[PDB]
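[1] got an experimental structure here, sequence first:
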Amino acid sequence: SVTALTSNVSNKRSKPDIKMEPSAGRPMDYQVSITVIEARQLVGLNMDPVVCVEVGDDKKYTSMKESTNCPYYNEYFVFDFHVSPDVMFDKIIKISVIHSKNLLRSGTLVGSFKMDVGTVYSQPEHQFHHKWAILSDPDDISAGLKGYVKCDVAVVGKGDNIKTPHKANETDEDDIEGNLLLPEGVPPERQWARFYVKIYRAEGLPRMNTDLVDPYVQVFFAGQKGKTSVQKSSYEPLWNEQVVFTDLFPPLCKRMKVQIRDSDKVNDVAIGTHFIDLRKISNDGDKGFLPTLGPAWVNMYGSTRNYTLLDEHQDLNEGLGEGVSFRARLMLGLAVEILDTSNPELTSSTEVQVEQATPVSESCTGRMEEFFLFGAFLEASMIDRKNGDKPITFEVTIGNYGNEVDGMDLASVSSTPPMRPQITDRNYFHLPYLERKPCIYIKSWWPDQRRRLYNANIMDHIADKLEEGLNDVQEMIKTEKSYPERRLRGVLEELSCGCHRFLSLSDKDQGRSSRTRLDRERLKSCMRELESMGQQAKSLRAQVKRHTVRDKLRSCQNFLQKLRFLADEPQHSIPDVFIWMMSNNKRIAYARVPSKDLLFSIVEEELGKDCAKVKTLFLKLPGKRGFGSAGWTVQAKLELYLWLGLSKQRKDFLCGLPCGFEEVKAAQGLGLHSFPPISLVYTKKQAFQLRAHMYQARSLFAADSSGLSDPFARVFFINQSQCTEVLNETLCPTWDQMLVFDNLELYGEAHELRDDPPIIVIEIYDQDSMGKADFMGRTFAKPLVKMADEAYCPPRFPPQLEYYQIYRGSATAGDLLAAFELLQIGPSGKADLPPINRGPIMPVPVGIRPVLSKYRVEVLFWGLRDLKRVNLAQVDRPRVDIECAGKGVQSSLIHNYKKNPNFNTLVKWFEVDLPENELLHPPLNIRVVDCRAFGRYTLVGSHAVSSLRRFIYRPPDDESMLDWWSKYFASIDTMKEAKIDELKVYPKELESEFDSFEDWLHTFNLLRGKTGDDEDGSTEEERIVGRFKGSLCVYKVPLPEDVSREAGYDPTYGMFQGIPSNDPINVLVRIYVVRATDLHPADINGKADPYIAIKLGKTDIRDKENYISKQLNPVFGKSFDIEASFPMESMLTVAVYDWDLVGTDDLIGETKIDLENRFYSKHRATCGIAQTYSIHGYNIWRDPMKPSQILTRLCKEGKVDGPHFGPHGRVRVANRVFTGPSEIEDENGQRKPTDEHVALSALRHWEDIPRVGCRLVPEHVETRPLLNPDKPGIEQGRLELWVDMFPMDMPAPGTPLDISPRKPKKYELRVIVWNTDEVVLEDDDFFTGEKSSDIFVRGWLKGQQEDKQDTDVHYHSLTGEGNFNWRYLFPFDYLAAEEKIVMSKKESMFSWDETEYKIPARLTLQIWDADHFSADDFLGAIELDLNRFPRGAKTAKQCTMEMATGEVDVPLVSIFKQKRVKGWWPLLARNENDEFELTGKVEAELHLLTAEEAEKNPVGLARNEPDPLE
Ligand SMILES: [Ca+2]
Ligand SMILES: [Ca+2]
Ligand SMILES: [Ca+2]
Ligand SMILES: [Ca+2]
Ligand SMILES: [Ca+2]
Ligand SMILES: [Ca+2]
Ligand SMILES: [Ca+2]
Ligand SMILES: [Ca+2]
Ligand SMILES: [Ca+2]
């Protein structure tokens, strides 16, 4: 399908998206999860490689491996920040190998890899996995590659918790060069380059010292910085100086900080800051180009220009947030010179220098041209009455011109005349400008580079049209309007037409030589990019279909963010336009509108969207005061006309204002034809009347301490506002009410007031007994306007009610079901108004109200679990009420909560009136109270169902020696990428694939207390002090016959079949916690000591003495025994705590399972159903109740025929046939026939049963993420677990699986070193200087402190020869699953407890030259990896350099496969050229034995008995 709709479908145009707190610019919880897996092929002579990872301002060190050139670390570090995304993305990640770090000194740098957080956020999964960090020495350009570090860099934020790959077996033969740590497209041969940032001059500075400023410019790149000279006493300084950075091209930290700063000894402080995002001024590849801009200007914004000793708006000067005023403008430039590393002439340092750059004339940026900003304040209202009833003016200022107080022919005036406001209501004023709308005019001089803002205008105009299409499409998926794919193809068709229009409009007048290096290449790149996105748009039009409108929206959002990235040209010309409320000549509130949407052009695409048009500037509080509780109320709201352009072009600067005005001008400007006025006067005025159809509200903000509201609301429009009736004690008011503002006064015959009406503010208020009315949020609106000649008829009128989204700030706070119609009072008066169908309160007329239809609400009252106290008091007799559309019922009381928490009457029902329109149902309001005597109904909680769509009922249609961990490790290999049976590793919670097991038992949450903001509050779980278990079933009041057949009408149990007994049934519960991954640390060593503590009912189990210490990916393997009674007790946490020596044991994370939903589900989530039956070994069947009898139980409870066992090999459930292996072995291996394999196969085939058919729960290890009340929103880990549920009325549980962690196989390695040859003669003779070598060999498997044994010394070799025949002995533990040697030791010498570790198996033969008086002198080394060491040469002649280089001429051996290898091996060192070379050869005999083979064949140390050596 190709056909499309270019116009807007939904009525989102009457719903503005105005918000004072966009969450993309506010502080947010961000987490950095780093790992250092290993390192390989690093450059250095006998080093101790520590890998240090800094993020931004703090660093965490890895533990020190010793004497290794291919080490292995495998630990986890976690960094926490609560900053805005721009502060977060500018932090630097420096994976740098250092060595020999000690207790007062930093280590010697080997090499560093730099990558900012902005690039490690921008992957498709926000991370790199198993990637190698290319290191390089910063102190020398000519130094080579210094090694590679395996890592998983990863950065996440609160929001979309995007997954990490689960840590399976890692025994891959990985190549470094195929898995380098690089994004898409960057070549790995990154070359040194010098970053010349040329800073020429600045203009327009404010006062900053007292009457004085002393500026300079400081530039930041990748943690390096460099600042120019101090220009003393100059508001228009001049440096013409370049700062010389040097960093590897292309840069992996792609954002630059320029900043003008006042130099001061007392308070050195930022004046302004611009962020040159390098992603748009550079490119890579065949069409790529070097990072460049300039000679061009840039505009910086920040705090208020007036001088203060301390400022709370200091964050805006440092580039954070959005500035409230102009600060300065700075001339800048950039060019990159790629260094020739083979040239010996240049200096070797990459250090930042300052130099005098080549200056350019002022004509290189275009000649100066004069500009003109004109304003006309048509409306001003909703000034906050807490500001006072002082007269209100508005100061407009662009740059510094027009700032009549602080802005260091026509004389410009920028302040409207002061005049008294008039009261609209108790909270808001209106400025009574009436006919005399004031005006301003400003003359400013800026350099003429309008083409930059013209290109940015076309790009951001395309971006605004695409964003309007994105929001329109998204809101019409939500509101379920017809045919989304036509609207997506229509906005994409308009995208292709916009690409074609940009391809034929931005290419004009290319002959201007002032166009810089960035300008021409950026125009060419945007031509190419919009051509390619026209082609991609035409392809994506075919890509979107009937099934993919919800996931190609991600590609459309990618197009939108790329267009916004293209649109923000960092080369600025015209600084922004600022409006400022004034009282007593002091600042209150601000608006900031960018200059390009005000900039004038003949063609519409280059013309700004706000030029010659009226804009609704909702003025915000400046700085920190504009968010949260400090900025709750609307500070002001304008309807302000603004025009910006050339004074040569200002003939049409009055055309967008409403017609019917006359001009009154200043005393120095009387009589001239083109002098702008200081105030208009309107002879034309229209009478108007707006009807606020305020019918309903849903999902509102609870502003009372009972989780409730008394919501009326005040509807605002220009000068008048009225309140609806205060409905008492509901979160869903139904006012059914028409407010009517009469004799309203518009002024002027506006062009298309139908399409752009004045805005309607609506604010909701919770009335209390004090007389206060709490601020329950704010929504915005536009009325549908009928003229006197216009008819009141479909499809336009009447104003059908829609959902208008209320925000208390950044946080969402509900919807209004409301609508508005604005009507002019014509020549006939009120006669041409629409007809009006309780006293003064008028009802909502027909055609506007929802058409009510008769329904029936049948509700299951299952019970209540674990209600908290009402501030001290126990609840023990609760009764549940229902409020829905004026009707409802109340159930029977719980007469004894301490023994039966269930209601006596299980189903109660009533009839109700609900609207025919399927999105217009009110929220059905469960309201559980505590039914005491004397009318003391203390409210327990209230649940408002968001939509009844969940509840509308419609009728249906050795290889045999295997532990546990073999069939865990095989299954984790399956999901990451027939000898072992496999379970199902669920990577998320088991709820997420099984619809949370709420087939009929839907848990509702009893909310009390006020809802939370993002500030000083709580989101969801604190309001849930207790939970209601039950169900709803709402359908149209004729009961269908098929609904009665398949759902059942019982006089006490209606619309709920398959119900179980409500009476208590005892259940034995046991919890296998398998493992955990990615845990949050809780100690000063960067690690945690997790133990599992379980809460359920009366039980309080914590494992204080049996933790799994110092392991961020712990092996738990523990089963805990708990008894609890169902359905009353399922408050179950499988929780993880770090044990501490002093103080309490900190909670790492926890999660809730809610076992009553698991037990009563038709999925049978009581215990896992295995893939294969056995009675023996590791695959032994779990349930005490055998699978044939489980099939019998689920045919009994499920009401289906079966099981029909014939022979032992087949079964029938319903009309299907299932088969399986009839014979099973026991522990002795003999065969017995049984029914259980076929029943287990039938159990895994239960989904395709024709009626009751349900995929039952397999044997799982489900992976629940951890959550913390201290730091919610992000994961504190990925715990993995599965649980048992077996009732006491049925066969009792047997002995559990041996879920103890895997015992390591015991081995011993005996390595006799025979001889050596061709060792280079390092030690000169003390007297004659003849070269020699005191040869002895050093070898170990794990480390120095455990394994190292030293061969005796062959003194004074002549050519490299030597004879030892000295035998090593290394006893070690080993598992072949992860090729990890297992060993328990303490982490430190003051450690309290021991800890299991894992390190790879490797024999490090190393020649050494021994001295009796000093430290040992290195000769050569080979790291023989014990599954990748090369084939040993038969002679010393055959031993060559191919045994370590890239060629495959010597293949590899596993000693665990071969068990005995003789050969000669080379031992290497790196020269000053950083290449490997021969420094010696050794002869060796590696023999590996098991522990029993070593015990039955004992040998002595070195050359002694038993089995002596010569
Ligand atoms: Ca100063
Ligand atoms: Ca209140
Ligand atoms: Ca109240
Ligand atoms: Ca702790
Ligand atoms: Ca601890
Ligand atoms: Ca503690
Ligand atoms: Ca020596
Ligand atoms: Ca020596
Ligand atoms: Ca020495």
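    Received it, and whenever you're ready, just let me know what you need. Numbers count the residues shown, from 1 in each chain. Ligands and ions are numbered 1, 2, ... in the order given.

[2] check which helix or strand covers residue 1092.
    With elements taken from DSSP states H and E, the one containing residue 1092 is strand 1090-1096.

[3] for the helix or strand following that strand, what is the distance to the chain centroid?
    Remark: after strand 1090-1096, the chain's next helix or strand is strand 1099-1101, criterion DSSP H and E. Its chain's C-alpha centre and that of strand 1099-1101 lie 36 Å apart, by Cα atoms, centre = their mean, to the nearest Å.

[4] list the buried residues of the helix or strand hosting residue 1487.
    According to DSSP H and E, residue 1487 maps onto strand 1476-1490. Across strand 1476-1490, burial judged by 16 or more other Cβ atoms under 10 Å covers 1478, 1479, 1480, 1481, 1482, 1483, 1484, 1485, 1486, 1487, 1488, 1489. Any C-beta I mention is one placed from the backbone N, CA and C, and that applies to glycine too.

[5] is ligand 5 within reach of the strand holding residue 1092?
    No. Applying Cβ under 5 Å from the ion, one finds strand 1090-1096 out of contact with ligand 5, separated by at least 9.4 Å.

[6] how about stretch 519-534 as CSV, C-alpha atoms only?
    Only the C-alpha atoms of stretch 519-534 are listed here, as CSV (Å, rounded to 0.1, in the frame of the first residue of the first chain):
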residue,chain,number,x,y,z
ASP,A,519,30.3,26.2,5.3
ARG,A,520,30.8,24.8,1.8
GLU,A,521,31.5,21.2,2.9
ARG,A,522,28.4,21.4,5.3
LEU,A,523,26.2,22.6,2.4
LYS,A,524,27.5,19.8,0.2
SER,A,525,27.1,17.3,3.0
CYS,A,526,23.5,18.4,3.6
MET,A,527,22.7,18.2,-0.1
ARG,A,528,24.1,14.7,-0.1
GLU,A,529,22.4,13.8,3.2
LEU,A,530,19.0,15.1,2.3
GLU,A,531,19.2,13.3,-1.1
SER,A,532,20.1,10.1,0.7
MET,A,533,17.3,10.6,3.2
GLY,A,534,14.9,11.3,0.3
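
[7] buried residues, it. List them.
    By neighbour count on 16+ other Cβ under 10 Å, the buried set for stretch 519-534 is 519, 521, 522, 523, 525, 526, 529, 530, 533, 534.

[8] how about stretch 1009-1028?
    Quick answer for stretch 1009-1028 (16+ other Cβ under 10 Å): 1009, 1010, 1011, 1012, 1013, 1014, 1023, 1024, 1025, 1026, 1027, 1028.

[9] now, those that are in strands?
    Counting by DSSP state E, the buried residues of stretch 1009-1028 place 1024, 1025, 1026, 1027, 1028 in strands.

[10] and residue 712, that one's in a strand?
    Yes. Counting by DSSP: H, G, I helix; E, B strand; the rest coil, residue 712 is part of a strand.

[11] from residue 725, how far off is it?
    6 Å (Cβ to Cβ, to the nearest Å).

[12] inside helices: which ones of the buried residues of stretch 519-534?
    Among the buried residues of stretch 519-534, the residues falling in helices (DSSP state H) are 519, 521, 522, 523, 525, 526, 529, 530, 533, 534.

[13] quick check: the second one touching residue 289?
    Yes. The criterion here is Cβ atoms under 8 Å, and residue 521 meets it with residue 289 at 5.2 Å.

[14] what about residue 12, how many residues close to it?
    Neighbourhood size, residue 12 [other Cβ atoms under 10 Å]: 18.

[15] ok, now residue 1280?
    24.

[16] before we move on, what about residue 354?
    Neighbours of residue 354 using other Cβ under 10 Å come to 15.

[17] pairing partners for it in the sheet, please.
    Beta-bridge pairing of residue 354, defined through DSSP bridges, involves residue 243.

[18] three-state assignment of the residue in the stretch 751-900 of the chain that ligand 9 sits nearest to?
    Distances between the stretch 751-900 of the chain and ligand 9 by Cβ to the ion are smallest at residue 810, namely 66.7 Å. Of the three states, residue 810 takes coil under three-state DSSP.

[19] chain neighbours aside, what residue packs nearest to it?
    The shortest distance from residue 810 to any non-neighbouring residue, by Cβ to Cβ, 6 or more residues apart in numbering, is to residue 21 (4.1 Å).

[20] that neighbour is in contact with residue 627, isn't it?
    Yes. The pair residue 21 and residue 627 passes the contact test of Cβ under 8 Å, sitting 4.9 Å apart.

[21] overlap of the contact sets of those two?
    Common neighbours of residue 21 and residue 627, using Cβ atoms under 8 Å, 6 or more residues apart in numbering, are 809, 810.

[22] residues near whichever residue of the stretch 1301-1450 of the chain sits closest to ligand 8, how many?
    Closest contact between the stretch 1301-1450 of the chain and ligand 8, by Cβ to the ion, is at residue 1334 (3.7 Å). Residue 1334 has 20 neighbours, counted by other Cβ under 10 Å.

[23] gap between it and residue 1311?
    The gap separating residue 1334 from residue 1311 is 21 Å, by Cβ to Cβ.

[24] repeat for residue 1319
    19 Å.
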